[PDB]
Each structure stands twice: as structure tokens, then as C-alpha cells.
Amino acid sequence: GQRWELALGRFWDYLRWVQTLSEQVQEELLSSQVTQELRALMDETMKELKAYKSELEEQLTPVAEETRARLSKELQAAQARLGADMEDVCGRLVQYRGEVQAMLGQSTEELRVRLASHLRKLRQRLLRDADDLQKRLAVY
């Protein structure tokens, strides 16, 4: 599988583990451990993606200047979307760390449920953008 895909898969599986909100997850969410590891996984996926596009660019079919330039900007938007989705997840995980502190020891069972449901929507979005971005790259 492409390198960029294997890197995204690592970000994906790590995130599917955090969605469980098991005991260790929670322990790691009240540090910055989780958001640091995610961020690292994210940055590796984007690096590989940028290198894969650059290589693919060595073996195109040549088309109208107008056509290529468009395809390239549409690919660059989709790459952006991926990155921002990854950030939006890392973001929500910060917010939760804070909310927990703001509770002052009280039960976080409610915060957990709401986090779980929102994380799931953010992951749904990430997956959709990854799929779209994959479909664009194979046209390339």
C-alpha cells in the first residue's frame, strides 16, 4: 500500500484506539501524550503525501495547462482538508483535557460520552476526506 496510506493507517488506528476511551487512553488524554503522538503521526502522513505527489508528478499524461493546474489545486485542497481534520481532532482532545480540569475532580462520565459521540463524527469526516483524496490521487 502507498507509504502515505500506511502512515495514515497508523494515525487512523491510533485514533480508533483513543475513541475507546479505555483506562489508559484516559490516563494519556490528561497529559499531552495523546495529542503529541497524534500530531507526530499526522505530520508523517502529510510528509509522505507531499513526497508521493511530487513523485507522481514525474509520470503524468500531459494535458491542457488549464487542466493540470486545476487538478493540482484540487489535489492540494484535498490534502489541506486531511490536515485540518487531523488538527480538529487534536483540538477536541485538548478541549476535553481542559473541561476535565474545570470539573475539579467531579465525575467525567458525561464529558466522556459527549467526547465519544463528537470524536466519532470527526472521524467520519476524516475518513471521507481520506477516501476522496485517494480517489483524486488515482486519477493523477
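The first residue of the sequence shown is number 1, and the count goes up from there.
Chemist: Take the C-alpha B-factors listed in the entry for 97-105 and for 66-74, compute each mean, and give the stretch with the larger one.
Modeler: Here the higher of the two C-alpha B-factor means belongs to 66-74.
Chemist: Quick one: higher average CA temperature factor, 21-29 or 128-136?
Modeler: Taking the mean C-alpha B-factor of 128-136 and of 21-29, the larger value falls to 128-136.
Chemist: Can you tell me which of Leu60, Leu49, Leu115, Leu41 has the maximum CA B-factor listed in the PDB entry?
Modeler: Comparing C-alpha B-factors across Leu60, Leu49, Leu115, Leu41, the top value belongs to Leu60.
Chemist: Could you say whether, by C-alpha temperature factor, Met86 belongs to the lowest, middle or highest third of its chain?
Modeler: According to the entry, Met86 has a C-alpha B-factor in the chain's middle third.
Chemist: Please place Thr45 in the lowest, middle or highest third of its chain according to the CA B-factor in the PDB entry.
Modeler: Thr45: CA B-factor falls in the lowest third of its chain.
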